[PDB]
There are 2 protein chains.
Amino acid sequence: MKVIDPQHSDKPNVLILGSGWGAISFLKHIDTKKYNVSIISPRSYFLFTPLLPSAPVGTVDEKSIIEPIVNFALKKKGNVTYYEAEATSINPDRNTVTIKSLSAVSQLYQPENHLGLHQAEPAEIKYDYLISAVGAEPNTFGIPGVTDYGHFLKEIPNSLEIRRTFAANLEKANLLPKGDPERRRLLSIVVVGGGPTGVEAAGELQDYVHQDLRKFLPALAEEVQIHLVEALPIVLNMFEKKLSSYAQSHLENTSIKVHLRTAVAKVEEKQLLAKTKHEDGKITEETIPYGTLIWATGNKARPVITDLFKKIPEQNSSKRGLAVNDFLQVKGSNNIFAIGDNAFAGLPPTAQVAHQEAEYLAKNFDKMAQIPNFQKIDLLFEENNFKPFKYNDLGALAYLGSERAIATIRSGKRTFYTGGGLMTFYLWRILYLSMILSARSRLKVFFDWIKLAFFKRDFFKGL
Amino acid sequence: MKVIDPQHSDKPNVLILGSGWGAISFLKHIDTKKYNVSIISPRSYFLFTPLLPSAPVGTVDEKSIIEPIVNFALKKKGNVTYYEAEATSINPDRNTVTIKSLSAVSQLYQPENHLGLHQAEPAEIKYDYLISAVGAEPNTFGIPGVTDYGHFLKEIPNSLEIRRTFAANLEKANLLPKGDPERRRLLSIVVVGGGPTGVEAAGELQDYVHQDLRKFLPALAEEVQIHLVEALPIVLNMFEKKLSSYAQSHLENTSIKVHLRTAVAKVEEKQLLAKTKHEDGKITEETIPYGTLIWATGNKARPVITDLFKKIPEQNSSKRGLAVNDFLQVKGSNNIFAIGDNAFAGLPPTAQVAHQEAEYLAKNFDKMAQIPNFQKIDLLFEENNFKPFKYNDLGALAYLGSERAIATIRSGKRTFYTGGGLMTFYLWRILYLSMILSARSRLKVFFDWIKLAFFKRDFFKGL
Ligand SMILES: Cc1cc2nc3c(=O)[nH]c(=O)nc-3n(C[C@H](O)[C@H](O)[C@H](O)COP(=O)(O)OP(=O)(O)OC[C@H]3O[C@@H](n4cnc5c(N)ncnc54)[C@H](O)[C@@H]3O)c2cc1C
Ligand SMILES: Cc1cc2nc3c(=O)[nH]c(=O)nc-3n(C[C@H](O)[C@H](O)[C@H](O)COP(=O)(O)OP(=O)(O)OC[C@H]3O[C@@H](n4cnc5c(N)ncnc54)[C@H](O)[C@@H]3O)c2cc1C
Ligand SMILES: COC1=C(OC)C(=O)C(C/C=C(\C)CCC=C(C)C)=C(C)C1=O
Ligand SMILES: COC1=C(OC)C(=O)C(C/C=C(\C)CCC=C(C)C)=C(C)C1=O
C-alpha cells in the first residue's frame, strides 16, 4: 500500500538505486532538466572507499572521507529527491521498487508537495527508467565463524568497530605481564586478502604501531604481530610480477607475516584454522591466534539482485551480477540498467569501472532525451546510431605502509608511470587527492595529512 | 584489598585527583624530579571547556578540543603514572585513596614494574601529599525531571547526545506539515542559564540554523525557536551593566527569546513549567514546549568531597566545596590540598581561578622541596617565609553568536580592552587560541575555523 507517483511534470522519471560510485557519478552527469531524478539508498552519504583503510587507525578522520548526498543534489539544476531507505524488491512487471525503513525524505529545489509518510512505512516508487547500482556485499565463501568474530572492511561503521576492538585489546594486554601468551594473542591482528584493500589495511595498522604506539608504550609495540593471508601464490596479482615482488619484500621488511598459498578453513573466537599449500604440493595445517580479524576478500550479489534473477526469464543463469548488454542495458528488461559491482559485463569490480560506466550511461541518456520516440525503447538505441561502452583501463595503485607505494598508470595501449617506492608514495597522494569527488572532502584529507606530519594520529576508542 | 605502594625511590609521592584545569595546570608546573607524581581520573584526556559549546553543532570537532593526558606526562622529565579510574573514598587517617572501575594503567618513563591488576578490581593508593581537583558536578536544584529529559553541557558525551537529539527532531519535524503544532515543538530548543555557557550554547545553535540549515531546508529553519531562561534580572551579570545590555539586545536581534526573572519549577517530557517574576512584583506561570533541553546552570559538590566532610572534624560545616587556607591547604588536614571548583576559597568557580591556584601551589611545592624538614608539615610553611595566594582577575569573555562577542580584560587595578562586537569577536578568537594548552589542539581548531569559512559545519547524527 501507499504509492508515490510524482509526474505532473512532462519529463520521464529516472530512478537511481544506491549512493556509491556508480550512483553519484551518474547523478553528476545526468541532465536533471531533461529527467526527474530520484535516489533510493539507506546511506545518506557518499563514501570514498579507497581511503577507508586509513580510517580505523586515525590517519584520516571518518568525516573527512564522506560527503552527504544533498550537497551533490544541490549543485544540480533540476529537481532531485532522496528516499533514505533500502530497496527490498525490484518489480519489472509493475515498473516499481519496494522500499523499507524510511528514516528521512529530502526534496531539493522542490518547494511544493507533501508525501504524508510515517517512519518505517512500506511503499512503492513508480519509474520510467531504472539505474541499478546497489553494489555487492562481502563474501565469506561459506566459511563458518567469519560473521561471528570477523570485521568486514566495507563501511564507516566497520572502521569504528575495528578501532574499538583493537583499542580494547591494547588496554587489556597492557595489564598482563610481558611473558603471558594471552598478551601475545591480544596483540595479534589478522587481515584476510592479498589484494589492495588487505595490503593497505595491514600497512596502516603497522604505521600506527611503529609511529604512534611505540612513542608511549614501546613494550606493547614490540610484541604486536600482523598477519596477511592470501590463497593465491602472489600478492596483488593485478600488477606485473616485478611490482608484486617488491610489494611482498617490503611488507616483510616492515615486519608483517605474509601467508601465501593459504586458504582459511574455519574461524573460531580466539584463532583461525588455515590450510597452506606448499611448493612440493603438500598441504599443512596451522593455527593462527588473533585478537582482531579483518576480512577483506571478495564480493557476492545482494538479496535484491538475487530476487531479480527469478523474475526475468533470461536473468535465471546469473550469479556474480546482472547480465548486461554492450550498452549496459539489463538483458530481458525493457528499461532497467545496471552499473558497477551489481552488474556483470566481464569487467573487474572496481571504482574505475563504476565511474566510466556511469559517465557513458549518463552521456547516452542526455543524448536519448532529444528524440520524439523516447518522449519500444530497446530498438531506438540502434536506429539513431551511437556507440557501445568501451572500458579504458587506467591502471592500478596501492599504498604499502611506511611511505611506500606501487603504481601502474596507462591509457589503452601506452603505459607511463613511476611505480617504485617513496616517489610513487608522493604520486599516490596527489592522484588520490585529485580523484576525490568534492572540495570539502579534499580539504579535510589535506588537513588530516598536514596534521599527521606534526602531531601523529588521533586514536580514541570512544570517538 | 590490594595496595599499590611505589616508594623504592627516596622522593615524596604527590597524588593528583582529576584531569581538568587544576590537575593538568598543576602537572605542567610540578617538578617531577623532586616528587613522584601520579594521576587518578576516570577521564583519559583533558577537555578545553570554553570551546565545548561549539562542539554539538560542529563549529569545532570534539577531537579538536581534547588532549590525551599521556602527551602532557610525556613532556615531563621524571616519572608519572596514570590510573584510569575514579576516586571513591578519601582516607586521611590511612593516607590513601580508594579507587573503582580500572580501565587502564599507563607508566611513562618507568620501564620496570608490574602491578598485577585485573580490570574493575578495587584498590588503595598510598600518598605523602594529596592535591584534590575533581571539580564539581551539575546542580539541578532538586527540580524534578531535569535528569530524565535534560542534557547537561559538561562533557564530550553530552555534546554527542545533544547532536543526536536535535538531528532526530529535525528529521521527524520535516515529515510533518507546516502547520502541525508537533512540528513546532520538535523544532523548539531551551537553554537554562543566563551565564556565558548558556549564552554561547544559544549562539552556536542559532548560528547553525541561520547559516547551515537554511541553505538546504529553509522551511524548517524559519520555524525553529530558541529560548534562554535565567532567574536573575540580568544576563551575564559578571560584566558591567553596559555590556550586559548590548548582550541582551543582540541575542533578541538574532531572534532568540530571552526569559529573564524566570525560575523553572518542574520539567516534563514535552515541556517545562516556569514562574516569571514581573516588574510590578506579580508572578505568572507559563508553559514552554520543547524538543531539546540544555541545562547549563551552576555547580554542586561531588560525592567524594561530601564523604570527606564527615571524616575531618572541622570540615563538617562545608557545602559548596572544601574549606581552605590562604595557602590552599585543606583546613584540618596535615597534607591534603584543594584547587579548582572542588575547593572553597571565596573565589568564583572558573577556569582562570583553577589555573592560577594550580601554578601557585605547584610553585610552592618546588620551593618546599629544598629543605631538610620536608624530606609537622603545617608549621614549616611559615617558618621558612613565603607568600600566600593572591588571585589576579584578568576579566571575562563571551561569544554571542553571529560573529559578535563581549570582552573585559584587566590586571588587578587597571582595565584595558576592546569589548564591543565584531572586532571583539576577532580578539575573542585570538585569545582562546592563545590559552589552549597544547599545539595539536591549537592547530586542530585553527583548521576547523578555516574549513568553516569555506564549507560550513559538519552536522552528522551518527558521527
Ligand atoms: C575498503 C575498500 C577499498 C577500495 N579501494 C579501491 C581503490 O583504491 N581503487 C578502486 O578502483 N576501487 C576500490 N574499491 C572498489 C570500489 O569501492 C567498488 O568497486 C565500488 O564502490 C563499486 O561501485 P558501486 O556503485 O557498484 O557500489 P558502491 O560504491 O559500494 O555503492 C553501493 C551503494 O548502494 C547502497 N546500497 C546497498 N544496498 C542497497 C539496497 N538494498 N538498496 C539500495 N541501495 C543499497 C550502498 O549504501 C552504497 O552507497 C574498494 C573497495 C573497498 C571496500
Ligand atoms: C561548557 C563550559 C564552559 C566553560 N567556560 C569557561 C570559560 O569560558 N572560562 C572559565 O574561566 N571557565 C569556564 N568553565 C568552568 C571551568 O570548566 C571549570 O571551572 C574548571 O573545569 C574547574 O577546574 P577543575 O580542575 O576544578 O575541574 P574540571 O576542570 O571539571 O576537571 C575535573 C576533573 O576531575 C575528574 N573527576 C571527576 N570526578 C572524579 C572522581 N570521582 N575521581 C577522579 N577524578 C574525577 C574529571 O574527569 C575531570 O578531568 C566552563 C565550564 C563549562 C562546563
Ligand atoms: C581494488 O583494487 C584497485 C583497482 O582495481 C583492481 C584500481 O583500479 C585502482 C586504481 C585507482 C582508482 C581506480 C581510483 C578511483 C578513480 C576514480 C576516477 C573513481 C586501485 C588504486 C586499487 O586499489
Ligand atoms: C564561566 O564564566 C567565564 C569566566 O568566569 C566568570 C571567565 O573568566 C572567562 C574568560 C575566559 C577564560 C577565563 C578562559 C580560561 C583561560 C585559562 C587560562 C583557564 C569566560 C570566557 C567565561 O565564560
# chains A, B, ... in the order shown; residues from 1 in each chain; ligands from 1
>>> residues_near_ligand(ligand="ligand 1", cutoff="6 Å", atoms="only C-alpha atoms and all ligand atoms", output="PyMOL selection string")
chain A and resi 17-23+40-43+49-50+52-53+86-88+133-135+153-154+197+304+340-342+349-352+354
>>> write_last_selection(atoms="N, CA, C and O atoms", output="short mmCIF file (atom, residue, chain, number, x, y, z; two decimals), in the first residue's frame")
data_model
loop_
_atom_site.label_atom_id
_atom_site.label_comp_id
_atom_site.auth_asym_id
_atom_site.auth_seq_id
_atom_site.Cartn_x
_atom_site.Cartn_y
_atom_site.Cartn_z
N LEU A 17 19.28 3.62 -7.74
CA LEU A 17 19.43 2.83 -6.52
C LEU A 17 20.88 2.85 -6.05
O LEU A 17 21.77 2.36 -6.74
N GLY A 18 21.11 3.42 -4.86
CA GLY A 18 22.44 3.47 -4.23
C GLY A 18 23.00 4.89 -4.09
O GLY A 18 22.49 5.83 -4.70
N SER A 19 24.03 5.03 -3.26
CA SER A 19 24.73 6.32 -3.10
C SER A 19 26.26 6.15 -3.13
O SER A 19 26.99 6.85 -2.42
N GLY A 20 26.72 5.23 -3.98
CA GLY A 20 28.15 4.93 -4.14
C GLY A 20 28.73 5.49 -5.43
O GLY A 20 28.27 6.51 -5.95
N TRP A 21 29.75 4.81 -5.96
CA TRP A 21 30.50 5.32 -7.10
C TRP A 21 29.68 5.42 -8.36
O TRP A 21 29.77 6.42 -9.08
N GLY A 22 28.87 4.40 -8.66
CA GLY A 22 28.02 4.41 -9.85
C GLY A 22 26.91 5.45 -9.78
O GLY A 22 26.71 6.22 -10.72
N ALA A 23 26.19 5.47 -8.66
CA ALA A 23 25.03 6.34 -8.49
C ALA A 23 25.43 7.82 -8.47
O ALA A 23 24.83 8.62 -9.20
N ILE A 40 17.28 6.25 -4.22
CA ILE A 40 16.92 5.43 -3.06
C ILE A 40 18.18 4.77 -2.52
O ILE A 40 18.88 4.06 -3.25
N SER A 41 18.47 4.99 -1.25
CA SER A 41 19.61 4.36 -0.60
C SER A 41 19.48 4.50 0.91
O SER A 41 19.05 5.55 1.40
N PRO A 42 19.86 3.46 1.66
CA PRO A 42 19.81 3.57 3.11
C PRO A 42 20.91 4.47 3.66
O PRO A 42 20.85 4.85 4.83
N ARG A 43 21.90 4.80 2.82
CA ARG A 43 23.06 5.59 3.23
C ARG A 43 22.95 7.03 2.72
O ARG A 43 22.98 7.27 1.51
N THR A 49 35.83 5.11 -0.95
CA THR A 49 36.31 3.81 -0.48
C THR A 49 37.83 3.60 -0.49
O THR A 49 38.35 2.86 0.35
N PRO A 50 38.55 4.23 -1.42
CA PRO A 50 39.99 3.99 -1.42
C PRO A 50 40.75 4.47 -0.17
O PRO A 50 41.80 3.91 0.13
N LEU A 52 39.26 4.45 2.88
CA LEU A 52 38.63 3.79 4.03
C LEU A 52 39.65 3.09 4.91
O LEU A 52 39.58 3.21 6.13
N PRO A 53 40.62 2.36 4.30
CA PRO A 53 41.58 1.66 5.16
C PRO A 53 42.44 2.54 6.07
O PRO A 53 43.08 2.01 6.96
N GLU A 86 16.11 1.40 2.08
CA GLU A 86 16.70 0.36 1.22
C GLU A 86 15.67 -0.25 0.28
O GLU A 86 14.50 -0.42 0.64
N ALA A 87 16.11 -0.57 -0.93
CA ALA A 87 15.27 -1.28 -1.89
C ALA A 87 15.20 -2.73 -1.45
O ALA A 87 16.23 -3.35 -1.18
N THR A 88 13.98 -3.26 -1.37
CA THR A 88 13.76 -4.65 -0.97
C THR A 88 13.43 -5.53 -2.17
O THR A 88 13.97 -6.62 -2.31
N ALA A 133 22.58 0.38 -9.07
CA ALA A 133 23.97 0.41 -8.63
C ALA A 133 24.07 0.22 -7.12
O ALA A 133 24.74 1.00 -6.45
N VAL A 134 23.41 -0.81 -6.59
CA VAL A 134 23.48 -1.11 -5.16
C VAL A 134 24.83 -1.68 -4.73
O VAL A 134 25.14 -1.73 -3.54
N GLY A 135 25.64 -2.13 -5.69
CA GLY A 135 26.93 -2.73 -5.39
C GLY A 135 26.77 -4.12 -4.82
O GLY A 135 25.66 -4.63 -4.71
N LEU A 153 35.58 -4.84 6.04
CA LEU A 153 36.15 -3.51 5.84
C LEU A 153 35.44 -2.86 4.65
O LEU A 153 36.05 -2.59 3.62
N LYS A 154 34.15 -2.60 4.83
CA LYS A 154 33.26 -2.15 3.76
C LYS A 154 32.66 -0.76 3.97
O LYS A 154 32.48 -0.01 3.02
N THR A 197 43.01 -3.71 -0.85
CA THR A 197 42.34 -3.37 0.42
C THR A 197 43.05 -4.00 1.62
O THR A 197 43.26 -3.35 2.65
N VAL A 304 18.60 -8.29 -3.21
CA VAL A 304 17.71 -7.58 -4.13
C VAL A 304 17.99 -7.98 -5.58
O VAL A 304 17.07 -8.12 -6.39
N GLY A 340 28.31 -0.83 -12.21
CA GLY A 340 29.10 -1.10 -11.00
C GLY A 340 29.22 -2.58 -10.65
O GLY A 340 29.09 -3.45 -11.51
N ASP A 341 29.47 -2.84 -9.37
CA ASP A 341 29.67 -4.21 -8.88
C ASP A 341 28.42 -5.11 -9.00
O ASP A 341 28.56 -6.33 -9.11
N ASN A 342 27.23 -4.51 -9.00
CA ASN A 342 25.99 -5.29 -9.10
C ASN A 342 25.61 -5.64 -10.54
O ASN A 342 24.49 -6.08 -10.78
N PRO A 349 35.45 -5.72 -10.60
CA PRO A 349 34.63 -4.98 -9.65
C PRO A 349 35.44 -3.88 -8.98
O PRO A 349 35.89 -4.05 -7.85
N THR A 350 35.65 -2.77 -9.68
CA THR A 350 36.50 -1.68 -9.19
C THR A 350 35.83 -0.32 -9.41
O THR A 350 34.94 -0.18 -10.25
N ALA A 351 36.28 0.67 -8.64
CA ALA A 351 35.72 2.02 -8.71
C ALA A 351 35.90 2.66 -10.08
O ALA A 351 35.06 3.43 -10.53
N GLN A 352 37.01 2.33 -10.74
CA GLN A 352 37.29 2.88 -12.07
C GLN A 352 36.23 2.42 -13.08
O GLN A 352 35.79 3.20 -13.92
N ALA A 354 33.12 1.49 -12.37
CA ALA A 354 31.83 2.08 -11.99
C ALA A 354 31.69 3.51 -12.52
O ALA A 354 30.64 3.91 -13.04
#
>>> interface_residues(of="chain A", to="chain B", cutoff="9 Å", atoms="only C-alpha atoms", output="ChimeraX atom specification")
/A:62-63,70-71,74,103-106,108-109,111,114-119,171-172,174-177,216-217,219,439-440,443-444,447,451,454-455,458,460,463
>>> write_last_selection(atoms="N, CA and C atoms", output="compact mmCIF listing (two decimals), in the first residue's frame")
# COMPACT_ATOMS: atom_id res chain seq x y z
N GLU A 62 37.02 9.78 9.87
CA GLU A 62 35.91 9.18 9.15
C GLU A 62 35.06 10.24 8.44
N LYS A 63 34.88 11.40 9.09
CA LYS A 63 34.13 12.51 8.48
C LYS A 63 34.82 13.07 7.26
N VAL A 70 22.98 15.26 -0.37
CA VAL A 70 22.27 16.52 -0.65
C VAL A 70 23.18 17.61 -1.23
N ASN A 71 24.46 17.58 -0.87
CA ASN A 71 25.43 18.51 -1.43
C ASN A 71 25.64 18.30 -2.92
N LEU A 74 22.37 19.42 -4.63
CA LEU A 74 22.17 20.87 -4.53
C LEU A 74 22.83 21.60 -5.70
N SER A 103 13.77 6.59 6.98
CA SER A 103 14.39 7.40 8.03
C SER A 103 14.26 8.90 7.76
N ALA A 104 14.16 9.27 6.48
CA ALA A 104 14.08 10.68 6.09
C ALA A 104 13.67 10.84 4.61
N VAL A 105 13.19 12.04 4.28
CA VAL A 105 12.85 12.41 2.91
C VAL A 105 13.43 13.80 2.64
N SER A 106 14.19 13.95 1.56
CA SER A 106 14.69 15.27 1.14
C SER A 106 14.27 15.58 -0.29
N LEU A 108 14.97 18.49 -2.82
CA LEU A 108 15.73 19.71 -3.12
C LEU A 108 15.25 20.38 -4.41
N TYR A 109 15.18 21.71 -4.37
CA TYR A 109 14.61 22.54 -5.45
C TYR A 109 13.16 22.15 -5.78
N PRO A 111 10.05 23.18 -3.70
CA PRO A 111 9.16 23.75 -2.69
C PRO A 111 7.68 23.64 -3.09
N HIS A 114 3.74 17.34 -0.48
CA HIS A 114 3.82 16.65 0.81
C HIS A 114 3.44 15.20 0.62
N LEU A 115 4.35 14.29 0.96
CA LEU A 115 4.14 12.86 0.74
C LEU A 115 3.11 12.27 1.70
N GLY A 116 3.24 12.60 2.99
CA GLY A 116 2.38 12.03 4.02
C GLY A 116 2.81 10.61 4.34
N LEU A 117 4.07 10.47 4.76
CA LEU A 117 4.66 9.18 5.09
C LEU A 117 5.15 9.16 6.53
N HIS A 118 4.70 8.17 7.30
CA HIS A 118 5.25 7.90 8.63
C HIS A 118 6.55 7.14 8.47
N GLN A 119 7.33 7.06 9.54
CA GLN A 119 8.62 6.36 9.51
C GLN A 119 8.44 4.84 9.53
N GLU A 171 44.48 -2.14 25.68
CA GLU A 171 44.29 -1.85 27.10
C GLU A 171 44.41 -3.10 27.96
N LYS A 172 43.76 -4.19 27.52
CA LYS A 172 43.83 -5.45 28.25
C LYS A 172 45.26 -5.98 28.29
N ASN A 174 48.05 -4.64 28.08
CA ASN A 174 48.95 -3.82 28.89
C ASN A 174 48.96 -4.19 30.38
N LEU A 175 47.86 -4.76 30.87
CA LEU A 175 47.77 -5.19 32.27
C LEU A 175 48.43 -6.54 32.54
N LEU A 176 48.60 -7.36 31.50
CA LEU A 176 49.24 -8.67 31.65
C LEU A 176 50.77 -8.54 31.59
N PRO A 177 51.50 -9.49 32.21
CA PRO A 177 52.97 -9.44 32.21
C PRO A 177 53.57 -9.81 30.85
N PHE A 216 54.82 5.96 23.26
CA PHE A 216 54.34 5.98 24.65
C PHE A 216 54.14 4.60 25.31
N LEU A 217 54.17 3.53 24.52
CA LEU A 217 54.16 2.17 25.06
C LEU A 217 55.01 1.23 24.18
N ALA A 219 57.01 -1.14 24.87
CA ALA A 219 56.90 -2.53 25.31
C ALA A 219 55.78 -3.26 24.57
N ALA A 439 35.18 19.16 -2.97
CA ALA A 439 36.19 20.08 -2.43
C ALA A 439 36.30 20.02 -0.91
N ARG A 440 35.17 19.82 -0.23
CA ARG A 440 35.16 19.72 1.24
C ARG A 440 36.01 18.54 1.69
N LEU A 443 39.84 19.16 1.08
CA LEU A 443 40.49 19.99 2.09
C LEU A 443 40.66 19.23 3.42
N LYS A 444 39.62 18.50 3.81
CA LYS A 444 39.63 17.73 5.05
C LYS A 444 40.79 16.72 5.11
N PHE A 447 44.15 18.54 5.27
CA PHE A 447 44.42 18.97 6.65
C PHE A 447 44.80 17.80 7.56
N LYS A 451 48.29 17.77 9.54
CA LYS A 451 48.27 17.49 10.98
C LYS A 451 49.11 16.25 11.30
N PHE A 454 52.95 16.69 11.78
CA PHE A 454 53.47 17.31 13.00
C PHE A 454 53.07 16.62 14.31
N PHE A 455 51.93 15.94 14.34
CA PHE A 455 51.35 15.50 15.62
C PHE A 455 50.93 14.03 15.72
N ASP A 458 45.19 10.64 15.86
CA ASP A 458 44.21 10.51 16.93
C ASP A 458 43.70 9.08 16.93
N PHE A 460 41.38 7.47 19.53
CA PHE A 460 40.46 7.39 20.68
C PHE A 460 39.45 6.24 20.51
N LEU A 463 35.57 7.59 20.17
CA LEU A 463 35.35 8.69 19.23
C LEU A 463 35.87 8.37 17.83
>>> closest_residue(among="B:259, B:75, B:8, B:250", to="residue B:275", atoms="only C-alpha atoms")
B:259
>>> residues_near_ligand(ligand="ligand 4", cutoff="10 Å", atoms="only C-alpha atoms and all ligand atoms", output="ChimeraX atom specification")
/B:21-22,25,48-51,195-200,236-239,298,348-356,393-399,406-409,428,431-432,434-437
>>> closest_residue(among="B:276, B:384, B:59, B:95", to="residue B:212", atoms="only C-alpha atoms")
B:59
>>> select_by_dssp(residues="stretch 161-302 of chain A", states="strand (DSSP E)", output="PyMOL selection string")
chain A and resi 188-192+225-229+257-259+262-267+271-277+283-289+292-295+299-300
>>> write_last_selection(atoms="N, CA, C and O atoms", output="short mmCIF file (atom, residue, chain, number, x, y, z; two decimals), in the first residue's frame")
data_model
loop_
_atom_site.label_atom_id
_atom_site.label_comp_id
_atom_site.auth_asym_id
_atom_site.auth_seq_id
_atom_site.Cartn_x
_atom_site.Cartn_y
_atom_site.Cartn_z
N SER A 188 47.66 -9.60 18.56
CA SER A 188 47.77 -10.21 17.22
C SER A 188 46.63 -9.81 16.27
O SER A 188 45.45 -9.98 16.60
N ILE A 189 46.98 -9.30 15.09
CA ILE A 189 45.99 -8.90 14.09
C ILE A 189 46.12 -9.74 12.81
O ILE A 189 47.23 -10.04 12.36
N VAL A 190 44.99 -10.10 12.22
CA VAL A 190 44.97 -10.93 11.02
C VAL A 190 44.08 -10.32 9.94
O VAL A 190 42.88 -10.16 10.15
N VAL A 191 44.69 -9.99 8.80
CA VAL A 191 43.99 -9.45 7.63
C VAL A 191 43.91 -10.55 6.58
O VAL A 191 44.93 -11.09 6.17
N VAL A 192 42.69 -10.89 6.15
CA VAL A 192 42.48 -11.91 5.12
C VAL A 192 42.24 -11.24 3.77
O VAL A 192 41.24 -10.54 3.60
N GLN A 225 51.78 -8.23 16.43
CA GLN A 225 52.09 -9.06 15.26
C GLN A 225 50.93 -9.02 14.28
O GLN A 225 49.78 -9.21 14.66
N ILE A 226 51.25 -8.77 13.01
CA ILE A 226 50.24 -8.59 11.96
C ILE A 226 50.43 -9.61 10.85
O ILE A 226 51.51 -9.71 10.27
N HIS A 227 49.37 -10.36 10.56
CA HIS A 227 49.40 -11.43 9.55
C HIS A 227 48.58 -11.06 8.35
O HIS A 227 47.51 -10.47 8.48
N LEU A 228 49.07 -11.42 7.16
CA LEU A 228 48.32 -11.25 5.92
C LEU A 228 48.19 -12.60 5.23
O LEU A 228 49.19 -13.20 4.86
N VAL A 229 46.96 -13.09 5.07
CA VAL A 229 46.71 -14.40 4.46
C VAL A 229 46.06 -14.25 3.08
O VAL A 229 45.15 -13.46 2.90
N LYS A 257 53.85 -10.62 8.71
CA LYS A 257 53.95 -12.04 8.36
C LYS A 257 52.96 -12.40 7.24
O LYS A 257 51.75 -12.48 7.47
N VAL A 258 53.47 -12.59 6.02
CA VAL A 258 52.64 -12.87 4.84
C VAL A 258 52.46 -14.37 4.65
O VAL A 258 53.43 -15.10 4.63
N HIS A 259 51.21 -14.81 4.50
CA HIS A 259 50.89 -16.23 4.32
C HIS A 259 50.29 -16.47 2.96
O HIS A 259 49.08 -16.34 2.77
N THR A 262 47.48 -19.91 0.90
CA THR A 262 46.81 -20.28 2.15
C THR A 262 45.32 -19.94 2.11
O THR A 262 44.95 -18.79 1.90
N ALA A 263 44.49 -20.96 2.33
CA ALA A 263 43.04 -20.77 2.48
C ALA A 263 42.65 -20.90 3.94
O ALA A 263 43.26 -21.67 4.68
N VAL A 264 41.63 -20.16 4.36
CA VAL A 264 41.07 -20.30 5.70
C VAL A 264 39.94 -21.33 5.68
O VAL A 264 39.03 -21.24 4.85
N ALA A 265 40.00 -22.30 6.58
CA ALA A 265 39.01 -23.39 6.64
C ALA A 265 37.88 -23.07 7.61
O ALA A 265 36.71 -23.32 7.33
N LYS A 266 38.24 -22.51 8.77
CA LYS A 266 37.28 -22.20 9.82
C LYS A 266 37.80 -21.04 10.65
O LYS A 266 39.01 -20.83 10.74
N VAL A 267 36.88 -20.27 11.24
CA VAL A 267 37.25 -19.16 12.13
C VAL A 267 36.60 -19.29 13.51
O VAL A 267 35.37 -19.33 13.63
N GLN A 271 41.10 -17.81 17.40
CA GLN A 271 42.07 -18.32 16.42
C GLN A 271 41.38 -18.69 15.11
O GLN A 271 40.16 -18.81 15.05
N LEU A 272 42.17 -18.90 14.06
CA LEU A 272 41.62 -19.45 12.82
C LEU A 272 42.45 -20.60 12.30
O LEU A 272 43.67 -20.66 12.50
N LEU A 273 41.76 -21.53 11.64
CA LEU A 273 42.37 -22.71 11.08
C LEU A 273 42.63 -22.43 9.60
O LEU A 273 41.73 -21.99 8.89
N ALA A 274 43.86 -22.68 9.17
CA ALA A 274 44.26 -22.45 7.78
C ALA A 274 44.92 -23.69 7.19
O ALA A 274 45.53 -24.48 7.92
N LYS A 275 44.75 -23.87 5.88
CA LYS A 275 45.47 -24.90 5.12
C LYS A 275 46.42 -24.21 4.15
O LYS A 275 45.98 -23.43 3.30
N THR A 276 47.72 -24.49 4.27
CA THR A 276 48.74 -23.92 3.38
C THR A 276 49.24 -24.97 2.39
O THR A 276 49.50 -26.11 2.77
N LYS A 277 49.39 -24.56 1.13
CA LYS A 277 49.68 -25.48 0.02
C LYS A 277 51.09 -25.22 -0.54
O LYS A 277 51.30 -24.29 -1.31
N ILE A 283 50.07 -30.32 1.61
CA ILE A 283 49.22 -29.40 2.38
C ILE A 283 49.47 -29.56 3.88
O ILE A 283 49.55 -30.67 4.39
N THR A 284 49.58 -28.44 4.59
CA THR A 284 49.74 -28.45 6.05
C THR A 284 48.63 -27.66 6.73
O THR A 284 47.93 -26.88 6.09
N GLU A 285 48.48 -27.89 8.03
CA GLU A 285 47.54 -27.16 8.89
C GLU A 285 48.33 -26.29 9.85
O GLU A 285 49.39 -26.68 10.33
N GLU A 286 47.80 -25.10 10.13
CA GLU A 286 48.37 -24.22 11.15
C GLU A 286 47.25 -23.44 11.82
O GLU A 286 46.28 -23.04 11.17
N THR A 287 47.40 -23.23 13.12
CA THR A 287 46.56 -22.31 13.87
C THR A 287 47.19 -20.93 13.86
O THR A 287 48.41 -20.80 14.01
N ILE A 288 46.37 -19.90 13.68
CA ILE A 288 46.83 -18.53 13.80
C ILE A 288 46.00 -17.84 14.88
O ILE A 288 44.84 -17.50 14.65
N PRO A 289 46.58 -17.66 16.08
CA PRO A 289 45.92 -16.90 17.13
C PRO A 289 45.66 -15.47 16.70
O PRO A 289 46.41 -14.93 15.88
N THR A 292 42.03 -9.54 16.72
CA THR A 292 41.27 -8.70 15.79
C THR A 292 41.38 -9.25 14.37
O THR A 292 42.48 -9.29 13.82
N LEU A 293 40.26 -9.66 13.79
CA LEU A 293 40.23 -10.25 12.45
C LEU A 293 39.55 -9.31 11.43
O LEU A 293 38.35 -9.06 11.51
N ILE A 294 40.32 -8.82 10.47
CA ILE A 294 39.79 -8.01 9.37
C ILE A 294 39.61 -8.88 8.13
O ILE A 294 40.57 -9.44 7.62
N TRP A 295 38.37 -8.98 7.65
CA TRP A 295 38.05 -9.79 6.47
C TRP A 295 37.91 -8.91 5.26
O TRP A 295 36.93 -8.18 5.13
N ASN A 299 33.52 -10.42 -3.30
CA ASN A 299 32.15 -9.94 -3.32
C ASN A 299 31.10 -10.99 -3.66
O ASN A 299 31.42 -12.08 -4.13
N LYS A 300 29.85 -10.62 -3.43
CA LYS A 300 28.72 -11.52 -3.58
C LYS A 300 27.48 -10.66 -3.84
O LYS A 300 27.32 -9.60 -3.23
#
>>> select_by_dssp(residues="stretch 245-449 of chain B", states="alpha helix (DSSP H)", output="PyMOL selection string")
chain B and resi 245-253+303-311+351-368+380-383+422-435+439-449
>>> closest_residue(among="A:9, A:206, A:36, A:306", to="residue A:89", atoms="only C-alpha atoms")
A:306
>>> atom_distance(atom1="atom CA of residue A:184", atom2="atom CA of residue B:120")
21.8 Å
>>> closest_residue(among="A:69, A:427, A:220, A:377", to="ligand 3", atoms="only C-alpha atoms and all ligand atoms")
A:427
>>> residues_around(residues="residue A:360", least_positions_apart="4", cutoff="9 Å", atoms="only C-alpha atoms", output="ChimeraX atom specification")
/A:26,327,355-356,364-365,388-390
